[PDB]
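Chain letters run A, B, ... following the sequence lines, proteins first and then strands; every chain starts at 1. These values consider heavy atoms only, across backbone and side chains, with no hydrogens, waters or symmetry-generated copies. For ligands, and for the atoms within them, numbers begin at 1 and follow the listed sequence.
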Amino acid sequence: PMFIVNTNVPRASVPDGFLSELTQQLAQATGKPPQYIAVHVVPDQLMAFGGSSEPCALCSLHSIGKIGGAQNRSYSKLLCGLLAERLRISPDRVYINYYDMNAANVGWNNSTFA
Amino acid sequence: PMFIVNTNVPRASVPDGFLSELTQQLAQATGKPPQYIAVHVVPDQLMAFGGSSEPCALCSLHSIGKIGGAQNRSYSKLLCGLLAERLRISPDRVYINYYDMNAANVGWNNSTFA
Amino acid sequence: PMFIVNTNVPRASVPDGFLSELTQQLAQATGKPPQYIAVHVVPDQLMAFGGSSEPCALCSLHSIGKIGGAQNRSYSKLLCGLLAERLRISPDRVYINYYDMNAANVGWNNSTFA
Ligand SMILES: O=C(O)/C(O)=C\c1ccc(O)cc1
Ligand SMILES: O=C(O)/C(O)=C\c1ccc(O)cc1
Ligand SMILES: O=C(O)/C(O)=C\c1ccc(O)cc1
């Protein structure tokens, strides 16, 4: 799985161990070994949400399977809670794009997962 | 809707109110309330277009519906004009990826839009 | 085609001409004129792969066609080798998302490719 977070929150506001917490939490959430989870956090972004530049986040989760109505809702609960708790970002100011990737469309280690 | 712009144009070249202009213009364009529009601008990027590092942009627009042949062309007219006017980026050096997101695949406020 | 690379590798570690090499190599690979190839490299990223912050990369290749099982594997061979050679990133720590874009969903020069 691959999780990317973009936020206008400053770098100094991201607590230590955030990436590790994201990795653990996502491995738990997806049922995938943490050795496969990729996390990426991009702070200090020039962004706005609903016209306001109040703290906000635009993220995405790419996974080969594990994507669906019920699962995505759990993911949002989780991810929004972490951003609200760890980054002080209001959940109503967070967008998360879900992507169910086909194994043949994910490249890794000189090949694909197909 | 979610609009992201990546450009090699320096930060100093992005005029004040650009994010607000993008928000307004996109709300008009999509017929969605501006309180739902998320805009993100990433300047000073290390990029090239057709081998040249002349001013250029790589963007994407994610929307739940409002995506199709005719609409996408309007969007491009608009977005390219703004980048050409506001950022001095030649429209033939701008790429915009359109994404018709399924409501169940967009997370927000501890859940999805499903 | 559009290729984006995100890595934790410092800027100073990206060799000169890397973007041009990526452009050339991708044009060869896809059979598309290099005047259409867009490349974007984002170094010094705050990321982790499998819990480790050892050098790694999260990339994506968007193309209108030229995407499939066999082609994607070639792309991965190529891209991973360049990252391993040029950036010293282990291929088993690189993810590449492949996207077969529909022409009507790609905006360029005030319109779409439809
Ligand atoms: O989804 C998975 O199970 C996986 O192991 C890896 C993955 C990594 C990045 C990506 O964009 C899609 C899938
Ligand atoms: O498309 C919409 O109408 C919407 O309200 C929200 C949205 C949020 C994130 C995203 O990646 C795409 C759409
Ligand atoms: O696919 C092509 O032939 C092309 O010329 C351009 C392209 C640009 C951006 C993108 O996301 C996909 C394709």
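Counting the atoms of ligand 3 from 1 in the order shown, those under 4.0 Å from a heavy atom of C/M2 are 9 (C), 11 (O). Within the listing of ligand 1, atoms 1 (O) sit less than 4.0 angstrom from a heavy atom of A/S63.
Residue-level proximity to ligand 2 for A/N97 is carried by the side chain, the only part with a heavy atom below 4.0 angstrom. Using a 4.0 Å cut-off between heavy atoms, B/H62 contacts ligand 2 through both its backbone and its side chain. With a heavy-atom cut-off of 4.0 Å, C/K66 does not touch ligand 3 at all.
Summarising the contacts of atom 5 (O) of ligand 1 with A/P1, A/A38, A/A103, the nearest heavy atom is found in A/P1. Comparing C/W108, C/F113, C/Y99, B/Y95 against atom 8 (C) of ligand 3, the shortest heavy-atom distance belongs to B/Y95.
Ligand 2 has an N or O atom lying under 3.5 Å from an N or O atom of B/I64, backbone or side chain. Considering backbone and side-chain atoms alike, A/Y36 places every N or O at 3.5 Å or more from each N or O of ligand 1.
Looking at atom 2 (C) of ligand 3, its nearest protein heavy atom turns out to be C/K32 NZ, 3.4 Å.
Cluster annotation: C/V9 and C/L82 are assigned to the same hydrophobic cluster (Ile/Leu/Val/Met/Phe/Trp/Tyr, side-chain heavy-atom contacts under 4.5 Å, transitive).
The two residues A/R93 and A/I89 come nearest to each other via the heavy atoms O-CG2, 4.1 Å.
Around the CZ atom of A/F18, the shell of radius 6.0 Å holds more than 12 heavy atoms that belong to other residues, nucleotides or ligands.
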